[PDB]
Structures are given as structure tokens and as C-alpha cells.
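Structure at a glance
Residue-level listing of the chains:
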2 protein chains.
Amino acid sequence: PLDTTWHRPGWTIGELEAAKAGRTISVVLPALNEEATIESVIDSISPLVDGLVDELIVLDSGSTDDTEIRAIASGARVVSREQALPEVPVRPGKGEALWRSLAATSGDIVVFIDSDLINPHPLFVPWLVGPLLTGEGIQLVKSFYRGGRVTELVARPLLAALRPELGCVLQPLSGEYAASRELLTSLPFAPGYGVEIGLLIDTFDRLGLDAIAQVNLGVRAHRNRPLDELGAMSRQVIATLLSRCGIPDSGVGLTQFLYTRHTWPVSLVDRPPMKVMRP
Amino acid sequence: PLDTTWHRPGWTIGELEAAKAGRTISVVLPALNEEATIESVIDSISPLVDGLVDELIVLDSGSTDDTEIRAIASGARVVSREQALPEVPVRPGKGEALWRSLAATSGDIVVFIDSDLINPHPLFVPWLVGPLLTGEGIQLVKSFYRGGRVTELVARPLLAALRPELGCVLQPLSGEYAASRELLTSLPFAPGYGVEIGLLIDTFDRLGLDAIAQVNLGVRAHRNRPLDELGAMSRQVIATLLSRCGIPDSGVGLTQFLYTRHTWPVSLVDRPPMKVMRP
Ligand SMILES: O=c1ccn([C@@H]2O[C@H](COP(=O)(O)OP(=O)(O)O[C@H]3O[C@H](CO)[C@@H](O)[C@H](O)[C@H]3O)[C@@H](O)[C@H]2O)c(=O)[nH]1
Ligand SMILES: O=c1ccn([C@@H]2O[C@H](COP(=O)(O)OP(=O)(O)O[C@H]3O[C@H](CO)[C@@H](O)[C@H](O)[C@H]3O)[C@@H](O)[C@H]2O)c(=O)[nH]1
Ligand SMILES: O=C(O)CCOP(=O)(O)O
Ligand SMILES: O=C(O)CCOP(=O)(O)O
Ligand SMILES: [Mn+2]
Ligand SMILES: [Mn+2]
């Protein structure tokens, strides 16, 4: 019931560029300690810059490895969380990085690509902007691909429980997606790893499915992470998913026993629509 | 904040038997197509029968392999779902099997052990009944052990969200546990894989933490299952967890794309306290 592109899109890069019609395109790579993979990601996209893509930045989210220098050495403009929006003290987590990135870009369209990807296709970005450029009323495009543990155990089943209309979204937690600035600066940003699911639900609640498309980027592979770190992500995802369905979340961080005790942070605080930051 | 036994319990089998004080003990092994492991499980426990354990049954939950014959050949009494409670048509899923098993046993105490376990300790049952026998006010004992994907990504984080008081339960989805008949026949049984989480939350809501204990059974290993089957389990878990927290579940089955479409069953229907079936 949702515009789904199942096979390779047929649009060429030159067509897509024509279709821009004065609209600009920014690409954001959020990055926290992805030195091993960041360069490969930037290189997959930088050939588009000054063409289809008018602007590409790395939003460095507090990295302490060589993420930033290697990214710079790949010719990318690197922006710290502090630099994107310096008047506002920095909070931890991905959603903060993406939210701040709105203040550090000016494209009418914004594309997000995770910086921990292993050999991403150089057509990811063209594939994602296709529906925004050539559709009508599309404001949001999610990717999917071909094993998604938080997605298949947490997000998809909870959506089935609480927003079953979104059951047709194959990769709701996908980190590769694009959306209009008009949409993005109109929506709040959930903290931490909650940011994607919030955007999907907020978009839907506000514009319905017809405003959402999804595109097959084939197959992704990325940094596989330790189960305890996913419990933490899953917690924040849950937190946000619930607060969008008007359910009071305890605000209690998930506690695991490695036996040694550890309690991960959770946040019930969204960033407001970036629009409010407009002077 | 919950009675937790972290190391090997010190009670001997003969002490525990003395402590029974006229109370009887039934052990139930629910089983659906566990021919490879069922015999090992029965053998771990049958030496206790006519001693500490007064009764042991296998609740055969519709098996079509050699589960039943191999179980019989290990000297176990085998009871079909139909035989446990024949006046009532059989529904699919684990909770149904466990619920029916109450009608097919008469122990004052009931112990559940999954039948897909690989080399279970012969002390599992003594370890589980310890707190029921020697405690006061304990009506429920959960096991834990030393990677628990639905548990760590779905159940523990959701509990943190919705019943954070149960955050201290290490293995809420554990299939090895024991409880009083008085408690069990007083509680409804969630369908499918929802049965455990429901029992934990219902018990807590009704008696609080002081009625619950948990015991380290060291380390379990069992049938590792395909992610898509866990999505289905996770769905039912979610469904039940939500309905206990007064949250309306859509009643919509989880839908996955293997790309081929498949929609798994979910049930919003509990069995009533078995007490109501008392003539
Ligand atoms: O505080 C952070 C954490 C992560 N990231 C970046 O965000 C991307 C995704 O983070 P990651 O740790 O790889 O998350 P995943 O395990 O891949 O989580 C999946 O599901 C999450 C829930 O929405 C999404 O954030 C991810 O994009 C998605 O791939 C990575 O490139 C990170 O460099 C930050 O910039 N800051
Ligand atoms: O319809 C069914 C399904 C399962 N079982 C038996 O129940 C036990 C547990 O089922 P399983 O498929 O192994 O579930 P798990 O993946 O191990 O799920 C974990 O989490 C579940 C959620 O509560 C619990 O039911 C399990 O006991 C627990 O180990 C097994 O011995 C099965 O033989 C049935 O009797 N009938
Ligand atoms: O967002 C998710 O679904 C978790 C991604 O990690 P993985 O389970 O290894 O694919
Ligand atoms: O109940 C659970 O947590 C799922 C058990 O299977 P596994 O993740 O392989 O340990
Ligand atoms: Mn990743
Ligand atoms: Mn199992």
C-alpha cells in the first residue's frame, strides 16, 4: 500500500540532475568512530558533488579515532556537532547529529547515508532521490535491502502492534534515506538511535503513506555490533516508538548483567522542529 | 530488589524431599517436534520420580516426528493436548500446552522445563523448587543462565519501558521455571510464546516481587532458531506484554518479506484461570 520500487531504478544521473529544477541536494554522513569505512563511503558519493549533489558533509559526532582526518583527506567538508549549531550545547547520540546537520546544510533535499557501510554502491544517492525528484507529494524515501535484528525483532513487530499501517515498510530503521528540508525542519528529532523510527511515524501521522516511498538499494552490510549495544539501541527505539503512540515510557534505562551490572542511558527528550531555531 | 540465588544452591535432594511436607511436585515438559533432545531431558529428571518429583509428564503439543515414541521409550507419561482437556478444542501454541498441562497434573507445585534443551543438568528441578519449598510467600521461580535475542532486544527493554520494577529479572522469557498450582490455576495463560511474559507480569501485579525468586541454572543451550521465527515469537510476546499494560494491540500479525510475502498469526486471546474449569 506504499510506493515501493523493487528493482533497479531506470533514471540516469543526467536526467535526475535536470529534474532538480533549482532544488539543491545535500548529503550527510553522520559519523562516530568509523575510520575504517568512512573513506569508502565518501568516495562512493563525492563524484556527484557539483553535479547532482550540490553539497556533501560529514557530521562528526565526537569521533576520537582518525575519522575526521581521513574524511578530510577524502576531500569532504567535516562539521562537528558544535560547529553545526554552536549556540546550543551538544547532546550525545545519532538523532542529535542528524538534527544538527540540518543547520549545517541548505539543500532543499537532504540525504542521509551511514558512514559505517562496507563498499556502498555509488548509486545509493541517485536511487534515494529518484522518488523525491520525479514523484508528486513524496517527502520521504526509505531504503531497503537483503540480519536486521533490532528491525525484525523490535521495530517491525512493534509497528505491527501500534502502527500496522506501516507494516509494509521493509527497513524502517534504515539509515540510508532522504527527505525534503521542508519536511525535516518541520519534524522533531528523537534522541539517540530513536531518530529514524520517529521520523517514519511522524511523517506518516502527518502526511500518510502517499508521502512515503521506499527504494531497494540491493544489499547492505555494515558494522556488526555486540548484542548488549543493541539492547541499548532497542531500548531507545522502543522509548521513541511508544511516545509517538501516546504511551508513557518509564524513562528507565535498560539494565544488563554481564555477573556485573550496567545501566544504559535512555532519553525521552526530542529536539524540536529545527524550524523553531530560525531567527 | 528480587530474591536472587546467584550460585549453586546448597540444599540436598533428601532435605528438599523432607521439606515437601505433603505437597506434591509435578514436572511438565512441553514438546513440539523435539525428538532429538527430548530423551536427554526426560532422563535428566526421571530419576527423581517417586522421590522429590511425584509426577512427570510430556505434554505433546502436536508433534509429527518421533517425539512421542522416544519419550514413551524413556518411560515418560505422554499426554496430548487433546487428552489433557478433551472437552475443549485444541488451539496452537506453547501457552495452550502449558495451560492444558495444569489439567493433566495434580502437584501442589508445577515445574516447566523446555524439551529442546541440550544436556540439561539433572539438578535443574531441585534448583527450581528450592525457593518454593524453603521460602515463605514465594509462588514463582524463574531460572537464569549464561545470546537471548528476543529476551535482550524485546522483553527486557520493554519491561524497562513498562514494568521497570521487573528490570531485575534476568531471564523473563526463561522456559525453565516453577510455580504453585494455586498461583497457576489462578492466572490466565497467554497464547503462543506469550505465556511466560504474561505469567511474570500477572504474578508481579498480583503478588509483587517478594513472591518471585530466580535461580541460576548455570548455562543453557538450546535449539537456535531462524530469525523470521523469532520475529513471530517477538510479535506475540509484544502483544501480550502490551495487553498486560493496558495498551491496545492492533491484533495484526507480523508480516515479513523473504521477495516473498508471509504473515504470521498473532493471538490476543488468553486462556482464563484454569480454576474456572473446575466443575
Ligand atoms: O552517536 C552516534 C551513533 C551513531 N552514529 C552514526 O550513525 C550511523 C548508524 O549508527 P550504528 O551504530 O551503525 O547503528 P546501526 O546498528 O546500524 O542501527 C540501525 O538502526 C538504527 C536505528 O534507527 C539506525 O540509527 C542505523 O542507521 C541503522 O543502520 C553510523 O554511521 C554511526 O557512525 C553517530 O553519528 N553518532
Ligand atoms: O507450539 C509450541 C511451541 C513450542 N513448544 C515447546 O516449548 C518449548 C519452547 O519453545 P521454543 O520454540 O524452543 O522457544 P524459544 O526460542 O526457546 O523461546 C524462549 O522464549 C519463549 C518466550 O516465552 C519461551 O516460550 C521459551 O521457553 C524460551 O526458551 C520447546 O521445548 C517446545 O518444544 C510447544 O510445546 N508448543
Ligand atoms: O537495525 C538493525 O536491525 C540492527 C542492524 O544490525 P544487524 O542485526 O547485525 O543487521
Ligand atoms: O528467548 C530468547 O531470548 C530467544 C532464545 O534464542 P537465542 O537468541 O538463540 O538464545
Ligand atoms: Mn550500522
Ligand atoms: Mn528453545
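Cut-offs used in this document
Residues numbered from 1 in each chain as written, not as in the entry; some residues may be left out. Chains lettered and ligands numbered in written order. Heavy atoms only, no water. Residues with missing side-chain atoms left out of burial classes, pairs and counts. UniProt positions renumbered as here; feature names shortened; annotations may be inferred. Near = heavy atom within 4 Å. Polar contact = N/O pair within 3.5 Å; in protein donor to acceptor, adjacent residues only side chain to side chain. Areas by Shrake-Rupley, 256 points an atom, 1.4 Å probe, with all protein chains shown as cover. Helix = DSSP H or I, 4+ residues; strand = E, 2+ residues; numbered from the N terminus. Buried < 20%, exposed > 50% of the residue type's maximum accessible area, 1.4 Å probe, protein only. Least-squares fit on C-alpha atoms. Contact = heavy atoms within 4.5 Å. Pairing = 2+ DSSP bridges. Axes fitted to C-alpha atoms, helices over the stretch in contact; angles between N-to-C directions. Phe/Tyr/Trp six-rings, centres within 6.5 Å; stacked < 30°, edge-to-face > 60°.

- Chain A has the name Glucosyl-3-phosphoglycerate synthase in the PDB entry, where Mycobacterium tuberculosis is given as its organism.
- In its PDB record the entry is named "Crystal structure of glucosyl-3-phosphoglycerate synthase from Mycobacterium tuberculosis in complex with Mn2+, uridine-diphosphate-glucose (UDP-Glc) and 3-(phosphonooxy)propanoic acid (PPA) - GpgS Mn2+ UDP-Glc PPA".
- One UniProt comment on chain A, placed under Subunit, says "Homodimer."
- In its Sequence similarities section, the UniProt entry covering chain A states "Belongs to the glycosyltransferase 2 family."

1. Some remarks on the site of ligand 3
All names here are of chain A.
- The full set of residues close to ligand 3 is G147, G148, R149, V150, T151, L173, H222 and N224.
- Between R149 and ligand 3, the recorded distance is 2.8 Å, taken from a backbone N or O atom to an oxygen atom.
- In this structure, an oxygen atom belonging to ligand 3 sits 3.1 Å away from a side-chain N or O atom of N224.
- Calculation on ligand 3 without its partners gives an accessible area of 300 Å², and the protein chains cover 84% of this total.

2. Quick notes on the UniProt feature "binding site: (2R)-3-phosphoglycerate" in chain A
Residue and element names in this part refer to chain A.
- Per the UniProt record, "binding site: (2R)-3-phosphoglycerate" is found at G148, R149, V150, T151 and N224. On the basis of their most widely separated C-alpha atoms, the annotated residues across 77 residues gather in one place, lying no more than 13.6 Å apart.
- The topology assignment puts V150 in helix α7 (residues 149-162).
- We classify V150 as buried; its relative accessible area is 6%.

3. Remarks on the relation of the copies chain B and chain A
- The transform that puts chain B on chain A rotates by 180° and translates by 0.0 Å along the axis, for an RMSD of 0.0 Å. One copy is carried onto the other by what is essentially a two-fold rotation axis. The position closest to the rotation axis in chain B is occupied by the C-alpha of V154(B), lying 3.0 Å away.

4. Let's talk about the interface of chain B and chain A
- Contact residues are listed per partner, giving 33 residues for chain B and 33 residues for chain A.
- Sorting the residues of the side of chain B that touches chain A by element identifies α7 (149-162), α10 (227-244) and β9 (255-257) of chain B as the ones contributing at least two each.
- Here the side of chain B that touches chain A gets eleven residues from one element, more than from any other, and that element is α7(B).

5. Topic: the sheet that holds strand β8 (residues 212-216) of chain A
Residue and element names in this part refer to chain A.
- With respect to topology, eight strands assemble into an open sheet ordered β1-β8-β6-β7-β5-β2-β3-β4, the strand pairing being mixed. The sheet terminates laterally at β1 (3-5) and β4 (77-80), the two strands that pair on one side only. Strand-to-strand twist of the sheet, defined as the mean angle between neighbouring strand axes without regard to direction, takes the value 20°.
- By the bridge criterion, four bridges tie strand β2 (residues 25-31) to strand β5 (residues 109-112) in an arrangement that is parallel. Residue pairing across strands places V27 opposite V111, the latter belonging to β5.

6. Quick notes on the packing of aromatic side chains
- Following the criterion strictly, the structure yields eight aromatic pairs over all chains and no others.
- Taking 6.2 Å as the distance between ring centres and 55° as the angle between the ring planes, the aromatic pair formed by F257(A) and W6(B) counts as tilted. Linking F257(A) in strand β9 (residues 255-257) with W6(B) in the loop between β1 (3-5) and α1 (13-19), this pair reaches from one chain into another.
- Residue class for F257(A) comes out partly exposed when judged on its relative accessible area of 22%.
- Ring geometry for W6(B) against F144(B): centres 5.8 Å apart, planes inclined by 75°, an arrangement best described as edge-to-face. Here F144(B) lies in strand β6 (residues 140-144) and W6(B) lies in the loop between β1 and α1, a separation of 138 residues in the sequence.

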